[PDB]
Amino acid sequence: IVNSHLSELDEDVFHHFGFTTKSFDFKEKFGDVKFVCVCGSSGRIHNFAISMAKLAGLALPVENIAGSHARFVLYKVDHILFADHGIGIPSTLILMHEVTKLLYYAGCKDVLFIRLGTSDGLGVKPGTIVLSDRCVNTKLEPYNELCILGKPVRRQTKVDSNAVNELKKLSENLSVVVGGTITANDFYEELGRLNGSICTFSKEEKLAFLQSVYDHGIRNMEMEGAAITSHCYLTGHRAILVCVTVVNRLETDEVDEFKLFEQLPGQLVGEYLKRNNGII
């Protein structure tokens, strides 16, 4: 589906990237992109871009394509774009809008979006990589909910099951678990944490909620999945979540090794990108 309104613009400003459609030719600069790698922070995604560059044999430093003062960073190593989305669905939706618009202008078709994040684990020990076989909200519905012009809109989530299949098969020759993922808007109360500044439920209700979602296949929880997987589906691209778990929420709320866990998703996806020509 195409936004007809874009073709009417004399110039289109990427407010959060720091450039416009008069900055450069998008086809020439981005036309070969087939993958988009994203995580929460600029630092981590830049480190991964650098890591991927070394794997491809790129000597020169990986340079920010985005404006220096812009909200998000943007790196490119061969056929891969790297960017940060911050914390939460709204921040992520901004990135998704501007990155998919970028892909549209560049003529990129059927691009795989990969989120390499961290997450709360359910019934798995910390350090476990969860490959999301589905992304659902806190009601375990595979939908991202929006209020557009004051009207309720539900947009269903979808994961590239083929990519999950590949990543899981690949991981065996290189622990990795395939399971469901909850996306929430509140790190504390909506994720059943007891140590927020506000708590309107008991431990019993918290555990009943966390056990039920586990029983219904959920293995991890985070705050951006529903946005990425729903937005990609609608704009003609693909999406997967590769997140390491940093805590078993069926056991506790609170959390060197943390930095080590963060490296794990990149180690898996990097090998995937190598064997599926994200790099030359």
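A residue's number is simply how far along the shown sequence it sits, counting from 1.
The segment from residue 255 to residue 256 is interrupted, since 4 to 9 residues of the deposited sequence in that interval carry no coordinates.
Count the deposited residues lacking coordinates between residue 174 and residue 175 and you get 4 to 9 of them.
Of the two segments examined, 165-173 and 196-204, it is 165-173 that shows the higher average Cα temperature factor in the deposited entry. Of the two segments examined, 155-163 and 87-95, it is 155-163 that shows the higher average Cα temperature factor in the deposited entry. Out of 238, 34, 219, 54, it is 54 whose C-alpha atom has the highest B-factor in the PDB entry. Sort the chain's modelled residues by C-alpha temperature factor and residue 58 lands in the highest third, per the entry. The PDB entry assigns residue 42 a C-alpha temperature factor belonging to the highest third of its chain's modelled residues.
For residue 49, the recorded CA temperature factor ranks within the middle third of the chain's modelled residues. In the PDB entry, residue 249 places in the middle third of its chain by CA B-factor. In the deposited entry, the Cα temperature factor of residue 64 places it in the middle third of its chain's modelled residues.
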